[PDB]
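First the structure, in the form of structure tokens, and then the observations on it.
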Amino acid sequence: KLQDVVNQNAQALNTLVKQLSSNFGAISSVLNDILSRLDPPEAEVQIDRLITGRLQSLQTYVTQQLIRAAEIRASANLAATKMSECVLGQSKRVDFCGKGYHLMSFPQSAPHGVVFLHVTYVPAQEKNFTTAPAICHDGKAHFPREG
Amino acid sequence: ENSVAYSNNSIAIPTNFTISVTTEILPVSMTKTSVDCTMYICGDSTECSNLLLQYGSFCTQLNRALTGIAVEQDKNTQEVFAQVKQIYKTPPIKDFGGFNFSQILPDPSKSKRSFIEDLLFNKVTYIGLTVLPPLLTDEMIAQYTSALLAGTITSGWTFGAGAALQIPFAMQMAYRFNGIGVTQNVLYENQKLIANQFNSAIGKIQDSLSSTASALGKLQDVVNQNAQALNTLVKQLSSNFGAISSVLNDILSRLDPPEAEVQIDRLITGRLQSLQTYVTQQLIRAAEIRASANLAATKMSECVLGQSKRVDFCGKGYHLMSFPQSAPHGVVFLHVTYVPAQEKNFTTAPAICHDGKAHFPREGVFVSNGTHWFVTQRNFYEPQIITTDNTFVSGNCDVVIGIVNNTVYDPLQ
Amino acid sequence: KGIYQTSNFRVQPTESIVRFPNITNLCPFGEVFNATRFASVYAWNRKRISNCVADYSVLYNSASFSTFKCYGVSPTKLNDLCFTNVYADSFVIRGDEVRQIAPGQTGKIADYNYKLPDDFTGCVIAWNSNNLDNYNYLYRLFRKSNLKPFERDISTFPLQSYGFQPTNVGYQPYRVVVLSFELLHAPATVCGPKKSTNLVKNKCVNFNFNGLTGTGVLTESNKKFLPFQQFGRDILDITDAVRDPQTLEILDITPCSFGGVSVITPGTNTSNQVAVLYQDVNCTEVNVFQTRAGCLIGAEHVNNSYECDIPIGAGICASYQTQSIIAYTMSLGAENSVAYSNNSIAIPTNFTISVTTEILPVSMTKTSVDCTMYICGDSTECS
Amino acid sequence: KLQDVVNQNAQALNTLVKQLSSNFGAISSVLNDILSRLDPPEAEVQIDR
Amino acid sequence: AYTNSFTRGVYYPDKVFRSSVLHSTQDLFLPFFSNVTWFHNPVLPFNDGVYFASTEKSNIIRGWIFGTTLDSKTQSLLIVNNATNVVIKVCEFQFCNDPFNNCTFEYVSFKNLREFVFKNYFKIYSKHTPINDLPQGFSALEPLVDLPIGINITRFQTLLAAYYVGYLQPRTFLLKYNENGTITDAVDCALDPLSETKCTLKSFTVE
């Protein structure tokens, strides 16, 4: 989960830097070569193809980052919620705090993330019993309080 | 409008209840669409493909983005349904205390869907734009929901928490009542009535789902938004964008490359901006469906595999339990909720005096019919004669605003 | 270890097929370009041409034309095209004025004598006639407004004559012909001379019917065209069917078989054996297996089920196992009928205090991009 | 928080309206001036920017 | 005398097959629920194109003349359906004041209502359906001839007892092609706010 978030940011920046090598229909993608080769009245026709392409590539990268930041903010709000309910408390929310009945959680820092060691009571050695909803002692029925 | 009949000493306690089954519907996945950006932009054309390479990664990045959405649709569907580590089955003998799940368990005469899942699957209705299949076919989804049903029915919450443990279904519902502060005797002393209210409420779900197509509106909306996005994406192939035509194979039939490249680059510019619009719309829509898949997984974790105390999270009532049904690109929860129904007004007091010491209720409330004083559960009227077993002492009379003089019975006397 | 979409496969066209109508009469271009009399531009002559074969190479190969400027077709392509109407317009103007006969011009010719549309799809063909053709040729000077594209206007003083004497180079009479091809979606009637060839069915081919190019599998169809309909469109507005111009039969056009290719692999540290999925094709169009996702080659099918390893789709997963790649219907998990009865309960006698890690992202690497330096790095001329 | 939401909506509309002044490489951003100054064939190339 | 032409005068806009689809098309059409002038000789305007219909008993009406002033010093289209041949030509006829040279084109090819839609270069559609005064029913017109002549035209007359004239107008219609590729219904997108909704949603049914 953390390594893939670092990989997605690295792929996004690597794509954004690679797009600087793209021609977009100019004579060159190295901007200083166009300016070395041409007078401004002709160079504007070439440079505006690179500006149009690079600006579309930046608008793409910033849109990707904004959509990705909404996923990381939803993840941060979920982490803040688990730290509020599952670390600073004991949650009754089944399977919110790892697979079990919840006891407590210990947070750990991690590169651009958080890790929770959730500690959970999981029952293990069941036996089969005969059971009844209630029992009759004296024509009165009796029911269990806490059992 | 309603002026609630308040006073410093009046309480309304429900003498009777209705068990109500509510339906809650959530989308969980999109159609796993994957659009071949080279065939969409430059269909079958070398002379066009050699221009699209001038734009760099702007094809590959769109396959990367749509592959990311396409895997996430299986991840969403896995996180909602695959929450059970084993495929549970119900026994041959349906001895569930009178509750009639035959409308929602699988029917072996049929894909092995239930009755209510077939209402749900019937009520919802070439040029690089491929559609990939889901990882889980609708039979496998309908088998995870069968395992979640057979877990919930035979074993309560315990199949979520650990190993699945059998418990008789009437004794499970007695714990479901105990978990909303309604004591277990309110279940068994009304068991046939509670079973008939559940069976009748389940009956109304079939008629509700059968009668109107509008009930599944959330899923038909998610289907329609995707179909409007593909209809847009394909209509945009026919737009001229300021080229001499939209028919790329005609431009190449009419013009030599020095002229044709100036026209084709307008179609590449327009179609690429159209595809980036569609992929952006899809990424924003995939974030919306991820938020709905996380909500569905949360409801299936807390509300199916447990009993969520989160008020109105599990339909409008005190929550008991939920039964998940599969639906096309979604999920449906039949939330079963205790709703109190027939209140009477009673006179009440926060505490009572007996020997200058003040007595308070352990669980419940004090009330009077108007002449005798009783203690009751707070969510079902059941008068108990007041005793030192249902009540605890604190302090003395003088501090409690609104206390009443009374007699408390001592069971040992 | 995983499944990777690597490439698009697409079946290639086996043959070239051209179908044009079985007409053999050469068009009357000689009766236009070699006509003895050309009209005065203010009342420019129009001859429409149809139901014939036009060899534009007989025109274009002659150096006698001083210009042959074409504005929506390139002249070497003309012999492979076909058109509804040609509309040959013919007139005489001053030689230095010939540059006004073009899409989008202004001046005494283009505003008041003869206007081409701003998207004129045709050829302007012009030559000197001082060796042949003088106040007898006339043009307009004055009008209350500019004339519409291909408007013609005779009225009364707003006309003048040219001074075309043989002693005058730009002051010479230039004969101008304009060809104004009607690219309409209709039964075409002036084709270039390119030969028709025999029909091919059920094979992928590069087709051209009446100049509508494409590639596809032609198949004869029960689509009930009305007698006037020339071709049919799908629900996606693309061409879906056509009528053969040399025999009235309705051919559906199916695009040649294509799909994404995905490679299913264990880790390369584990093995170099791989299996190939051809998405959304039957195993006829490509130890071979078939799935609702596509044709799967080099993975063996297995009747047992296991946990999913590499997901294919449509309930199938693949793994590398005792060795080869195998494909199987995935197990959802072990089956368990719970031992329910109306008086049986199971109670845990002992427990486990398990610890279970959960990991969450909390932030992105705080990137800032200087949009001016990214777009226009170190450059005032770009900034 | 609410003042940030009102500010973001106002700043987005203000940005969108200021983008009507921008040239995008056209000879002017005033649509009626490129129509009144240029021949229609040349005007289409400026208006399409 | 006027009659309400309920939904008549829909014709196939283009020589293209389509099926099970709701194509939206802009062309000259006869507007829905328009008044058509019911005649029983008179030279009429043409403006944009003429829908013409007749419940002719015994082929009483047979032909048409179209032009600007129906005399020499201009060109005029003639059509005559004489049962031997559909004679068509565009001569500079010095016609009489009430009829019943320099030629530049020529061509040959009760229960029933004959229908036609004349529009401009020059095109004729037709349909010929039995009925038992225009019907509250629907049927497309098929192209019948499509003849290039390059004529300035604004007036017409009829040759020989009821005939109904309606004038076409530019409109957007939505057309339902069925499985057999024939138009079973249409919507006039200019008619009323419901029809503006039906075209907006590309549907005959609006929720």
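We label chains A, B, ... in the order they appear in the structure tokens, count residues from 1 in each chain, and number ligands from 1 in the order shown.
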
Should the cut-off be 7 Å, what would the residue list for chain B against chain C look like, counting only C-alpha atoms, as a list in words? residues 85, 86, 87, 88, 89, 90, 91, 95, 96, 132, 133, 134, 135, 136, 137, 154, 165, 166, 167, 168, 234, 249, 250, 253, 254, 255 and 256 of chain B

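Near chain C, counting only C-alpha atoms at 9 Å, the chain D residues are residues 39, 40, 41 and 42 of chain D.
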
Could you write those residues out with N, CA and C atoms, as an mmCIF file, in the first residue's frame?
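Output saved as part34.cif:
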```
data_model
loop_
_atom_site.group_PDB
_atom_site.id
_atom_site.type_symbol
_atom_site.label_atom_id
_atom_site.label_comp_id
_atom_site.auth_asym_id
_atom_site.auth_seq_id
_atom_site.Cartn_x
_atom_site.Cartn_y
_atom_site.Cartn_z
ATOM 1 N N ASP D 39 -10.100 39.751 -42.470
ATOM 2 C CA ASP D 39 -10.817 39.020 -43.509
ATOM 3 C C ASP D 39 -11.314 37.673 -42.958
ATOM 4 N N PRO D 40 -12.548 37.232 -43.266
ATOM 5 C CA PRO D 40 -13.134 36.010 -42.705
ATOM 6 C C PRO D 40 -12.257 34.737 -42.740
ATOM 7 N N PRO D 41 -11.478 34.448 -43.801
ATOM 8 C CA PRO D 41 -10.588 33.286 -43.830
ATOM 9 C C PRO D 41 -9.482 33.342 -42.770
ATOM 10 N N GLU D 42 -8.857 34.508 -42.581
ATOM 11 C CA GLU D 42 -7.862 34.732 -41.532
ATOM 12 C C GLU D 42 -8.500 34.775 -40.142
#
```

Just list the residues in chain A DSSP gives strand (DSSP E or B) on the backbone, as an NGL selection string. :A and (101-110 or 113-123 or 126-130 or 135-136 or 141-142)

Within 12 Å of residue 23 (chain D), counting only C-alpha atoms, which residues show up once you throw out same-chain ones fewer than 4 positions away? Write them as a list in words, please.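 Result of the neighbour search: residues 18, 19, 27, 28, 29, 30, 31, 34, 46, 47, 48 and 49 of chain D.
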
Select, from A:94, A:136, A:22, A:112, the residue with the minimum atom-to-atom distance to residue 57 (chain A), counting only C-alpha atoms. A:22

Taking only residues of chain B that have an atom at most 12 Å from an atom of chain E, what is each one's shortest atom pair and its distance in Å to one decimal, using only C-alpha atoms, in chain and number order, as CSV?
```
residue,atom,partner,partner_atom,distance
B:213,CA,E:207,CA,11.8
B:214,CA,E:207,CA,10.7
B:228,CA,E:201,CA,11.1
B:231,CA,E:202,CA,12.0
```

What would the file look like if the residues just selected were written as a PDB file, in the first residue's frame with C-alpha atoms?
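Final file, again24.pdb:
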```
ATOM      1  CA  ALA B 213     -38.190  -0.070 -11.710  1.00  0.00           C
ATOM      2  CA  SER B 214     -37.450   3.173  -9.732  1.00  0.00           C
ATOM      3  CA  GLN B 228     -23.668   8.335 -21.580  1.00  0.00           C
ATOM      4  CA  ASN B 231     -22.028   7.501 -26.208  1.00  0.00           C
TER       5      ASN B 231
END
```

Got a sec to pull out which chain D residues are within 12 Å of chain A, counting only C-alpha atoms, and send them as a ChimeraX atom specification? /D:24-26,49

Got a sec: who's within 8 Å of region 87-90 of chain A, counting only C-alpha atoms, leaving out chain neighbours fewer than 6 positions off, as a ChimeraX atom specification? /A:102-107

Return as a ChimeraX atom specification the full set of residues in region 67-307 of chain C whose backbone-based DSSP assignment is alpha helix (DSSP H). /C:108-112

Distance query region 188-202 of chain E at most 9 Å, only C-alpha atoms, self and fewer than 4 positions along chain excluded, as a ChimeraX atom specification: /E:22-24,31-33,171-174,206

Using only C-alpha atoms, find which residues of chain E lie within 10 Å of chain C and jot them down as a list in words.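 Within 10 Å of chain C on chain E, we get residues 12, 14, 15, 16, 17, 18, 19, 20, 21, 22, 23, 142, 143, 144, 145, 148, 149, 150, 179, 180, 181 and 182 of chain E.
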
Give the residues of chain A that lie within 7 Å of chain C; count only C-alpha atoms, and format the answer as a PyMOL selection string. chain A and resi 1-2+47+51+54-55+72+75-76+79+98+112-132

Counting only C-alpha atoms, which residues from chain B have an atom at most 12 Å from any atom of chain D, and could you show them as a PDB file with C-alpha atoms, in the first residue's frame?
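Printed below is out.pdb as written:
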```
ATOM      1  CA  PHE B 241     -12.679  19.380 -34.995  1.00  0.00           C
ATOM      2  CA  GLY B 242     -11.866  21.788 -37.907  1.00  0.00           C
ATOM      3  CA  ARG B 266      -6.591  18.331 -35.887  1.00  0.00           C
TER       4      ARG B 266
END
```

Within 8 Å of region 151-161 of chain E, counting only C-alpha atoms, which residues qualify if same-chain residues fewer than 4 places away don't, as JSON, numbers by chain? {"E": [40, 41, 42, 43, 44, 45, 46, 47, 48, 54, 55, 56, 57, 60, 61, 62, 63, 64, 65, 66, 67, 68, 69, 75, 76, 80, 99, 100, 121]}

Please indicate the distance in Å from CA of residue 19 (chain B) to CA of residue 163 (chain B), rounded to one decimal place. 29.1 Å

Residues within 12 Å of residue 13 (chain A), only C-alpha atoms, excluding chain neighbours under 3 positions, as a list in words: residues 6, 7, 8, 9, 10, 16, 17, 18, 19, 20, 57, 58, 60, 61, 62, 64 and 65 of chain A; 365, 366, 367, 368, 369 and 374 of chain C

Mind listing as an MDAnalysis selection string which residues of chain B are within 9 Å of chain A, counting only C-alpha atoms? chainID B and resid 51:58 61 157 160:163 165:168 170:171 174 183:185 188 265 276 280 283:284 287 291 298 301:303 305:310

Tell me, counting only C-alpha atoms, for each residue of region 290-396 of chain B within 8 Å of region 115-131 of chain B, which pair of atoms is nearest and how far apart they are in Å to one decimal, in rows ordered by chain and increasing number, as JSON lines.
```
{"residue": "B:325", "atom": "CA", "partner": "B:117", "partner_atom": "CA", "distance": 6.0}
{"residue": "B:326", "atom": "CA", "partner": "B:117", "partner_atom": "CA", "distance": 6.1}
{"residue": "B:327", "atom": "CA", "partner": "B:120", "partner_atom": "CA", "distance": 5.6}
{"residue": "B:328", "atom": "CA", "partner": "B:121", "partner_atom": "CA", "distance": 5.9}
```

For those residues, write N, CA, C and O atoms to a file as a PDB file, in the first residue's frame.
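Result went into selection30.pdb, see below:
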```
ATOM      1  N   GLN B 325     -27.972  -9.165  -0.599  1.00  0.00           N
ATOM      2  CA  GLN B 325     -28.316  -9.718  -1.900  1.00  0.00           C
ATOM      3  C   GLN B 325     -27.334  -9.181  -2.936  1.00  0.00           C
ATOM      4  O   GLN B 325     -26.932  -8.019  -2.893  1.00  0.00           O
ATOM      5  N   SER B 326     -26.910 -10.015  -3.873  1.00  0.00           N
ATOM      6  CA  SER B 326     -26.171  -9.527  -5.030  1.00  0.00           C
ATOM      7  C   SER B 326     -27.084  -8.711  -5.942  1.00  0.00           C
ATOM      8  O   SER B 326     -28.285  -8.948  -6.006  1.00  0.00           O
ATOM      9  N   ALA B 327     -26.533  -7.747  -6.665  1.00  0.00           N
ATOM     10  CA  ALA B 327     -27.239  -7.002  -7.701  1.00  0.00           C
ATOM     11  C   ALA B 327     -26.246  -6.639  -8.814  1.00  0.00           C
ATOM     12  O   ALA B 327     -25.045  -6.565  -8.545  1.00  0.00           O
ATOM     13  N   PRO B 328     -26.682  -6.407 -10.058  1.00  0.00           N
ATOM     14  CA  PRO B 328     -25.762  -6.200 -11.168  1.00  0.00           C
ATOM     15  C   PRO B 328     -24.938  -4.930 -10.962  1.00  0.00           C
ATOM     16  O   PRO B 328     -25.479  -3.829 -10.898  1.00  0.00           O
TER      17      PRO B 328
END
```

Length of the CA of residue 381 (chain B) to CA of residue 361 (chain B) vector [Å]: 14.6 Å

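The two atoms in question, CA of residue 95 (chain C) and CA of residue 125 (chain C), are spaced 12.3 Å apart.
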